[PDB]
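First comes the structure, then the notes that go with it.
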Amino acid sequence: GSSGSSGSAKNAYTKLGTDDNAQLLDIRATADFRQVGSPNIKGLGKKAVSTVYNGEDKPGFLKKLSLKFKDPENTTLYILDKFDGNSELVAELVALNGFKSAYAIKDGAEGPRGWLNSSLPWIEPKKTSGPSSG
């Protein structure tokens, strides 16, 4: 693909912990934190910033970021989509809108080698009983 963009699933999480300044922008839909869960990066230091991307309305999305990050000017963000979405698109928007340098993850969360399929930590919804139900 792009030798420089969307690395393997760990390629983000690794650099999430090792950078100590890095962050996560879960662009996955607000429903996906109901139906799949969220990534448990808390042991690196903090939770991810859930804000659904919509290629609709660039400013009406970035309104969530400006209050959420202390030092966007050197914080290394990592988007996280469900599969593909527009991860690599957001990965070149924030850095051009006053953050430093941004990244995506291939296969997102639910992809065949994405976050879930990478030994990476998760939060999930509540415990329930009915796998064929969803």
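Note on naming: chains are A, B, ... as they come in the structure tokens, residues start from 1 per chain, ligands start from 1 in the order shown.
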
Using only C-alpha atoms, which residues of region 87-116 of chain A come within 9 Å of region 54-71 of chain A, and what is the closest atom pair for each, with the distance in Å to one decimal? Give it as JSON lines, sorted by chain and residue number.
{"residue": "A:94", "atom": "CA", "partner": "A:62", "partner_atom": "CA", "distance": 8.1}
{"residue": "A:97", "atom": "CA", "partner": "A:62", "partner_atom": "CA", "distance": 8.8}
{"residue": "A:99", "atom": "CA", "partner": "A:71", "partner_atom": "CA", "distance": 8.1}

| field | Sel. of alpha helix (DSSP H) residues, region 50-113 of chain A, as a list in words | value | residues 59, 60, 61, 62, 87, 88, 89 and 90 of chain A

Would you put the residues from that selection into a file with C-alpha atoms, as a PDB file, in the first residue's frame?
ATOM      1  CA  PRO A  59     -15.015  21.623  11.000  1.00  0.00           C
ATOM      2  CA  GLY A  60     -18.145  20.043  12.612  1.00  0.00           C
ATOM      3  CA  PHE A  61     -15.879  17.098  13.548  1.00  0.00           C
ATOM      4  CA  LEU A  62     -12.606  18.861  14.499  1.00  0.00           C
ATOM      5  CA  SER A  87      -8.527   6.324   8.839  1.00  0.00           C
ATOM      6  CA  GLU A  88      -5.631   7.359   6.544  1.00  0.00           C
ATOM      7  CA  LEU A  89      -7.633  10.481   5.510  1.00  0.00           C
ATOM      8  CA  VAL A  90      -7.978  11.739   9.096  1.00  0.00           C
TER       9      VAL A  90
END

Using only C-alpha atoms, what table do you get, as CSV, when you list each residue of region 41-68 of chain A with an atom no more than 12 Å from region 1-16 of chain A, its nearest pair of atoms, and their distance in Å rounded to one decimal, rows by chain then rising number?
residue,atom,partner,partner_atom,distance
A:41,CA,A:13,CA,8.0
A:42,CA,A:16,CA,10.7
A:43,CA,A:16,CA,10.6
A:44,CA,A:16,CA,7.2
A:45,CA,A:16,CA,9.5
A:46,CA,A:16,CA,10.4
A:47,CA,A:16,CA,11.4
A:48,CA,A:16,CA,10.7

| request: Could you give me the residues within chain A that DSSP places in strand (DSSP E or B), as a list in words? | output: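 Assigned to strand (DSSP E or B), within chain A: residues 3, 5, 7, 23, 24, 25, 26, 39, 49, 50, 76, 77, 78, 79, 80, 101, 102, 103, 105 and 122 of chain A.
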
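Within the 7 Å cut-off around region 23-27 of chain A, using only C-alpha atoms and omitting residues fewer than 2 positions from it on the same chain, the listed residues are residues 16, 21, 29, 48, 49, 50, 51, 52, 53, 75, 76, 77, 78, 79, 80 and 81 of chain A.
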
Can you write out the residues you just picked, keeping N, CA, C and O atoms, as an mmCIF file, in the first residue's frame?
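New file out.cif:
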data_model
loop_
_atom_site.group_PDB
_atom_site.id
_atom_site.type_symbol
_atom_site.label_atom_id
_atom_site.label_comp_id
_atom_site.auth_asym_id
_atom_site.auth_seq_id
_atom_site.Cartn_x
_atom_site.Cartn_y
_atom_site.Cartn_z
ATOM 1 N N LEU A 16 2.058 4.014 20.602
ATOM 2 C CA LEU A 16 1.188 4.582 21.575
ATOM 3 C C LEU A 16 1.858 4.595 22.944
ATOM 4 O O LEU A 16 1.894 5.638 23.589
ATOM 5 N N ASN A 21 3.608 10.474 24.612
ATOM 6 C CA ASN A 21 2.836 11.639 24.201
ATOM 7 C C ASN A 21 1.720 11.260 23.234
ATOM 8 O O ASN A 21 0.835 12.082 22.990
ATOM 9 N N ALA A 29 -18.036 4.484 14.842
ATOM 10 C CA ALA A 29 -19.327 5.045 15.193
ATOM 11 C C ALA A 29 -19.622 4.880 16.681
ATOM 12 O O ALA A 29 -19.190 3.907 17.294
ATOM 13 N N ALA A 48 -8.992 6.377 24.933
ATOM 14 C CA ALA A 48 -9.047 6.946 23.598
ATOM 15 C C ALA A 48 -10.117 8.047 23.534
ATOM 16 O O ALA A 48 -11.028 8.082 24.366
ATOM 17 N N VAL A 49 -10.011 8.964 22.573
ATOM 18 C CA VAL A 49 -10.995 10.013 22.329
ATOM 19 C C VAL A 49 -11.944 9.516 21.239
ATOM 20 O O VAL A 49 -11.612 9.513 20.055
ATOM 21 N N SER A 50 -13.144 9.110 21.640
ATOM 22 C CA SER A 50 -14.166 8.665 20.709
ATOM 23 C C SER A 50 -14.780 9.915 20.063
ATOM 24 O O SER A 50 -15.352 10.769 20.756
ATOM 25 N N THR A 51 -14.642 10.087 18.753
ATOM 26 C CA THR A 51 -15.349 11.096 17.969
ATOM 27 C C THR A 51 -15.544 10.507 16.573
ATOM 28 O O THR A 51 -14.553 10.304 15.878
ATOM 29 N N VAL A 52 -16.781 10.196 16.173
ATOM 30 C CA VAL A 52 -17.044 9.567 14.880
ATOM 31 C C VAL A 52 -16.599 10.531 13.782
ATOM 32 O O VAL A 52 -17.024 11.691 13.790
ATOM 33 N N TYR A 53 -15.734 10.085 12.866
ATOM 34 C CA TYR A 53 -15.432 10.886 11.688
ATOM 35 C C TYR A 53 -16.643 10.876 10.770
ATOM 36 O O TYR A 53 -17.358 9.877 10.673
ATOM 37 N N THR A 75 1.767 15.928 20.338
ATOM 38 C CA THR A 75 1.065 14.666 20.527
ATOM 39 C C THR A 75 1.052 13.917 19.195
ATOM 40 O O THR A 75 0.625 14.496 18.199
ATOM 41 N N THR A 76 1.438 12.640 19.173
ATOM 42 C CA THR A 76 1.359 11.788 17.989
ATOM 43 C C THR A 76 0.010 11.052 18.007
ATOM 44 O O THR A 76 -0.194 10.148 18.819
ATOM 45 N N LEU A 77 -0.977 11.476 17.216
ATOM 46 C CA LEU A 77 -2.278 10.800 17.229
ATOM 47 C C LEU A 77 -2.205 9.520 16.409
ATOM 48 O O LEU A 77 -1.453 9.431 15.436
ATOM 49 N N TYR A 78 -3.113 8.591 16.692
ATOM 50 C CA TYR A 78 -3.375 7.409 15.892
ATOM 51 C C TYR A 78 -4.888 7.289 15.787
ATOM 52 O O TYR A 78 -5.565 7.119 16.800
ATOM 53 N N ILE A 79 -5.447 7.413 14.587
ATOM 54 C CA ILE A 79 -6.864 7.103 14.396
ATOM 55 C C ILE A 79 -7.075 5.598 14.550
ATOM 56 O O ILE A 79 -6.121 4.837 14.384
ATOM 57 N N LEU A 80 -8.314 5.148 14.767
ATOM 58 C CA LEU A 80 -8.685 3.735 14.748
ATOM 59 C C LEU A 80 -10.088 3.607 14.143
ATOM 60 O O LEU A 80 -11.051 4.022 14.794
ATOM 61 N N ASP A 81 -10.210 3.091 12.913
ATOM 62 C CA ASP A 81 -11.502 2.781 12.272
ATOM 63 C C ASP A 81 -11.961 1.344 12.586
ATOM 64 O O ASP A 81 -11.230 0.572 13.192
#

| field | Gap from CA of residue 19 (chain A) to CA of residue 34 (chain A) - Å, one decimal | value |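 If I compute the distance from CA of residue 19 (chain A) to CA of residue 34 (chain A), I get 29.3 Å.
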
| request: Please identify all polymer residues within 6 Å of residue 82 (chain A), counting only C-alpha atoms, omitting same-chain residues fewer than 4 positions from it, and present them as a ChimeraX atom specification. | output: /A:28,108-110

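With CA of residue 114 (chain A) on one side and CA of residue 84 (chain A) on the other, the separation reads 9.8 Å.
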
| Residues at most 7 Å from residue 124 (chain A), counting only C-alpha atoms, excluding those fewer than 6 positions away in the same chain, as JSON, numbers by chain? | {"A": [36, 37, 38]}

| task | Would you mind reading off the distance between CA of residue 92 (chain A) and CA of residue 17 (chain A), one decimal, in Å? | result | 21.4 Å

| field | Selection near residue 100 (chain A), 6 Å with only C-alpha atoms, sequence-local residues under 3 positions removed, as a PyMOL selection string | value | chain A and resi 73-74+95

Selection to disk with N, CA and C atoms, as an mmCIF file, in the first residue's frame:
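Listed below is the output, selection-v2.cif:
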data_model
loop_
_atom_site.group_PDB
_atom_site.id
_atom_site.type_symbol
_atom_site.label_atom_id
_atom_site.label_comp_id
_atom_site.auth_asym_id
_atom_site.auth_seq_id
_atom_site.Cartn_x
_atom_site.Cartn_y
_atom_site.Cartn_z
ATOM 1 N N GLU A 73 0.109 20.022 19.180
ATOM 2 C CA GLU A 73 1.312 20.476 18.519
ATOM 3 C C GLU A 73 2.492 19.507 18.641
ATOM 4 N N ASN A 74 2.493 18.498 19.531
ATOM 5 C CA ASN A 74 3.528 17.448 19.526
ATOM 6 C C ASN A 74 3.011 16.051 19.872
ATOM 7 N N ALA A 95 -2.742 16.789 11.408
ATOM 8 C CA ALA A 95 -1.373 17.286 11.316
ATOM 9 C C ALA A 95 -1.321 18.578 10.492
#

| task | Have a look at A:22, A:118, A:35, A:128 and name the one nearest to residue 102 (chain A); count only C-alpha atoms. | result |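 Answer, going by the shortest atom-to-atom distance: A:22.
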